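J.: All I have is the shape, not the residue letters:
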């Protein structure tokens, strides 16, 4: 269970737009940990790992 | 995942 720290606008290619304060569920990461595959109310896709953090 | 790096945190 994670929260978004900053807005991120999808750059396509299975990335996912997220908004600061939104909750996400994390499925995993890419090979170097820089991208995170996440689920939000808006769908599923890749977001910057550094743009989210655990919450609770 | 994208083959390009993500944006740096602001």
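T.: All right, it came through fine. Numbers count the residues shown, from 1 in each chain, chains lettered A, B, ... in the order given.
J.: for chain B, what are the nearby residues on chain A?
T.: A:5-6, A:8, A:11, A:13-15, A:29-31, A:34-35, A:37, A:46-51 (C-beta under 8 Å from any C-beta of the partner chain). Where C-beta positions appear, they are placed from N, C-alpha and C, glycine not excepted.
J.: Cross those residues against strands and list the overlap.
T.: Among those, the members falling in strands (DSSP state E) are A:29, A:35, A:37, A:46, A:47, A:48.
J.: what's around the fourth one, how many residues?
T.: By other C-beta atoms under 10 Å in any protein chain shown, 23 other residues sit near residue A:46.
J.: beta partners of the residue nearest the centre of chain A?
T.: The residue lying closest to the centre of chain A (C-alpha atoms, centre = their mean) is residue A:47, at 3.8 Å. Applying DSSP bridges to residue A:47 gives these bridge partners: residue A:36.
J.: hmm, back to that, can you flag the buried ones in the residues of chain A next to chain B?
T.: Neighbour counting with 16 or more other C-beta atoms under 10 Å in any protein chain shown marks A:5, A:8, A:15, A:34, A:35, A:37, A:46, A:47, A:48, A:49, A:50, A:51 as buried within the residues of chain A next to chain B.
J.: Which pair of those spans the longest distance?
T.: A:5 and A:37 (17.1 Å; C-beta to C-beta).
J.: State the distance from residue A:40 to residue A:10.
T.: 12 Å (C-beta to C-beta, to the nearest Å).
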